[PDB]
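Next up: a single chain in structure tokens, the form deposited without ligand ADE.
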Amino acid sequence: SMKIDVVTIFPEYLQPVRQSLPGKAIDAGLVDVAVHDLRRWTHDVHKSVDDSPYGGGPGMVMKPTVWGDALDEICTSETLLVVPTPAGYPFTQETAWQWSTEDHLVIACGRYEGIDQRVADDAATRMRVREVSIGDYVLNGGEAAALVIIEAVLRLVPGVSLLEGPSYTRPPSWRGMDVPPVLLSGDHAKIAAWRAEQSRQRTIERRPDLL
């Protein structure tokens, strides 16, 4: 089984992924995803979660005292703490496979300007911490990245190179375009070879880095 806890100031952002888990998976206790409003751990009447950056500059930095309290409550020694950030290590399919066998993921969603670095650094002294980027672009906050990570990981939990080439289905002719006849040939070795060439061409065109 896997437990995922997500901490965010926008808990409703995660609601359409809880309502996305099959009832059978939950009933079988294979998965539980819980979302927590970071403001539960604020200290002041204004429910402050960020503050101006030391050393100056634009934006705000999320408060270590608030995050520290939240993670103290939610995390245990077994936790893998995931922090989405454009400054992270790359999150890849390999990462997804690795995390798919974890018992407890906690995903700390913050603004891209960051969570005070002492939060992750403190957490790393008693649990595993992974700061990760889902791509080479900036998002305002970590919530959409959390959705991507949750989906990529959970689809690898049972019951919860080259690029793929083009796919086709009925009808065989549509708006003047025919399905490649080789796919209708019943020559399955030839079909495999054709698909391999399609994959090669597409990878050269779109992702030459992979070669």
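A residue's number is simply how far along the shown sequence it sits, counting from 1.
Another form exists, solved in complex with ligand ADE; not displayed. Remarks below refer to it.
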Shown-form site status with respect to ligand ADE as positioned in the deposited bound form after superposition (2.4 Å backbone/C-beta criterion, 3+ atoms): open
Candidate stretches 171-179, 44-52, 26-34, 141-149, one within 4.5 Å of ligand ADE in the deposited bound form by heavy atom: 141-149
In the deposited bound form, residue 79 touching ligand ADE (heavy atom, 4.5 Å): no
Contact test in the deposited bound form: residue 134 vs ligand ADE, heavy atoms, 4.5 Å: yes
Residues of 91-114 having any heavy atom within 4.5 Å of ligand ADE in the deposited bound form, listed in sequence order: 112
